[PDB]
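J.:
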Amino acid sequence: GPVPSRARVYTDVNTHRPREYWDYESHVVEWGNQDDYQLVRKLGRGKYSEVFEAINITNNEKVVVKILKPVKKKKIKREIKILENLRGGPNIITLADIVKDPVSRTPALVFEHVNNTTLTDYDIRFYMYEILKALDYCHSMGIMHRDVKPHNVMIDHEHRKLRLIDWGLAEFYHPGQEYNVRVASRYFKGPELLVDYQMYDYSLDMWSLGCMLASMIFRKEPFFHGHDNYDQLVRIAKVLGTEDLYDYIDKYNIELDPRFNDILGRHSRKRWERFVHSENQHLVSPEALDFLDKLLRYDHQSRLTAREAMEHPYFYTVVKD
Ligand SMILES: O=S(=O)(NCCCCNCc1ccc(-c2ccccc2)c(Cl)c1)c1cccc2cnccc12
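Pasting the structure below:
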């Protein structure tokens with residue numbers, strides 16, 4: 003069957019931690035009282051959560067309350083544990099409290115308040138660097154986000170702040186573990202997910218990040234538009250080319266679902282110049298394209314790490330200032 007894989011970095015960080023750190027099923031959640039919060043207004047609905055601005059009436063602080071839709075208790079424990087483990091890290095959303103409604107018994111996460119919110130080449134580089142700080146941090150702490158995408162990035166330009174949010178899909182990396190491929194939004198799914206390669210790692214997040222970068226510098230949202238998980242990889246293959254795809258499939262001895270043999274065909278690797286146009290050219294640089302090229306690889310092992318990405322020339326100006 004498939005050839006195994008291990009993270010190039012942060013491989014064993016969880017093995018070296020106490021079990022309690024990663025064994026979130028055993029975490030006991032103490033719920034506070036929702037009636038210490040009064041909801042003010044709805045901020046937006048998500049797949050498994052609806053978010054409100056609220057007030058803590060004990061001390062009149064503005065906070066954000068994320069009411070969880072029905073999801074298995076294991077997954078609520080997982081998100082809480084991850085948020086607690088990451089709390090205080092660079093650009094990580096800060097979990098303030100965990101509450102349950104006294105009637106409905108529906109659980110809610112309470113966060114620190116941030117505003118949600127014409128982008129300059131510099132701005133994109135800056136905010137991408139800020140995302141990379143959060144990803145390097147969470148990866149270094151043994152956690153994959155698994156859902157990096159614009160909806161999960163809060164940006165307050167006034168204060169030039171960035172928070173990575175919605176850790177509901179995040180999971181701990183353990184070398185050798187086979188994960189669920191049925192995660193992430195379609196447009197941001199890595200090739201590993203699409204070919205059903207389960208022994209994936211932090212590198213998934215780097216693909217998703219590359220997808221984001223492509224969408225912004227090229228003004229094409231989504232960049233890889235798909236009509237079905239199958240067609241999603243077809244769209245990727247039409248850009249990255251089929252030679253490298255089949256090389257990856259061979260290397261890991263991956264078996265490609267029937268619904269893929271007569272749909273991928275044969276495609277050249279397309280040069281990034283083909284996406285550049287007069288109304289995005291101000292966002293596109295040799296540096297940007299070199300960086301993007303080094304994120305968007307089929308082979309998860311060959312993608313830049315977060316820390317490597319931060320050292321790329323695209324970010325030299327940001328690092329300076
Ligand atoms: O409504 S909400 O549920 N979510 C909405 C957030 C929308 C963020 N997307 C905008 C965005 C961010 C970054 C980029 C970017 C920048 C530079 C380079 C590349 C991409 C762009 Cl172009 C766009 C929510 C709201 C408030 C607090 C919450 C607190 N906790 C949970 C949810 C929360």
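All the letters of the sequence shown, read from the start, carry residue numbers 3 to 119, 127 to 330 under full-length UniProt numbering. Ideal Cβ placement from N, Cα and C applies to all residues, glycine included.
Is the CB-CB distance between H154 and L111 below 9 Å?
T.: Result no, Cβ atoms of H154 and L111 do not sit closer than 9 Å.
J.: Under DSSP, the alpha helix (DSSP H) around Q241 begins and ends at which residues?
T.: Unbroken alpha helix (DSSP H) run through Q241: 238 to 249.
J.: Can you tell me whether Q241 is buried or exposed? The criterion is at least 16 other CB atoms within 10 Å of its CB, across all chains shown.
T.: So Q241 counts as buried.
J.: In the DSSP assignment, what are the bridge partners of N35?
T.: Answer by DSSP bridge pairing, in chain order: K102.
J.: On the three-pair Cβ rule with 8 Å, is the stretch 253 to 262 touching the stretch 282 to 290?
T.: No: fewer than three Cβ pairs fall under 8 Å.
J.: Is the number of C-beta pairs between the stretch 239 to 259 and the stretch 200 to 217 that are closer than 8 Å three or more?
T.: Yes, the stretch 239 to 259 is in contact with the stretch 200 to 217.
J.: Under 9 Å, do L304 and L218 count as touching if we go by C-beta distance?
T.: Going by C-beta atoms, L304 is nearer than 9 Å to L218.
J.: Ligand 1: which residues have Cβ under 5 Å from any of its heavy atoms, chain order?
T.: Every residue passing the under-5 Å Cβ criterion appears here: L45, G46, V53, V66, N118, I133, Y136, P159, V162, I164, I174, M225.
J.: Between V293, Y12, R43, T129, which has its C-alpha nearest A315's C-alpha?
T.: Checking every option, the nearest Cα to that of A315 belongs to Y12.
J.: Mind checking whether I82 and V31 have CB atoms under 9 Å apart?
T.: Closer than 9 Å, so yes.
J.: Which residues in the same chain have their Cβ closer than 6 Å to the Cβ of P322, if we skip the five residues on either side of it in sequence?
T.: Excluding positions up to five away in sequence, the list reads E296.
J.: Please state whether the Cβ-Cβ distance between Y307 and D253 is less than 9 Å.
T.: Yes, they are a contact pair.
J.: Between which two residues does the beta strand (DSSP E) holding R89 run?
T.: Premise fails: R89 is in no beta strand (DSSP E) and is neither H nor E.
J.: Measuring CB to CB, does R172 end up less than 9 Å from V162?
T.: Going by C-beta atoms, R172 is nearer than 9 Å to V162.
J.: Is the number of C-beta pairs between the stretch 175 to 189 and the stretch 14 to 22 that are closer than 8 Å three or more?
T.: The stretch 175 to 189, when compared against the stretch 14 to 22, does touch it at the 8 Å Cβ threshold.
J.: Does the pairing of the stretch 43 to 59 with the stretch 85 to 92 give three or more beta-carbon distances under 8 Å?
T.: Touching, no.
J.: Are any of the Cβ atoms in chain B nearer than 9 Å to that of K49?
T.: Of the protein chains in this structure there is only one, and it is not chain B.
J.: Under 8 Å by Cβ, that's how I've got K77 and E27 pegged, so tell me the actual separation to the nearest angstrom.
T.: The pair is not a contact, with the Cβ atoms about 10 Å apart (cut-off 8 Å).
J.: Considering only their Cβ atoms, is the gap separating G34 from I95 smaller than 9 Å?
T.: No, Cβ-Cβ distance for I95 and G34 is not below 9 Å.
J.: Tell me, please, whether the stretch 189 to 201 touches the stretch 267 to 279 by the rule of three or more beta-carbon pairs shorter than 8 Å.
T.: At 8 Å Cβ cutoff, the stretches do not touch.
J.: Which whole runs of the beta strand (DSSP E) in the stretch 45 to 94 are 3 residues long or more, in chain order?
T.: Runs of the beta strand (DSSP E) inside the stretch 45 to 94: 51 to 58, 63 to 70.
J.: Can you tell me whether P109 is buried or exposed? The criterion is at least 16 other CB atoms within 10 Å of its CB, across all chains shown.
T.: That one is buried.
J.: If the criterion is Cβ atoms closer than 9 Å, does the pair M225 and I140 meet it?
T.: In this structure, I140 does not lie closer than 9 Å to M225 by Cβ.
J.: Taking all protein chains shown into account, do 16 or more other C-beta atoms lie within 10 angstroms of the C-beta of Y131, making it buried, or fewer, making it exposed?
T.: Classification for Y131: exposed.
J.: If you measure between the beta carbons of residue 121 and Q36, is that distance less than 9 Å?
T.: Between 119 and 127 the numbering of the chain has a gap, and residue 121 falls inside it, with no coordinates.
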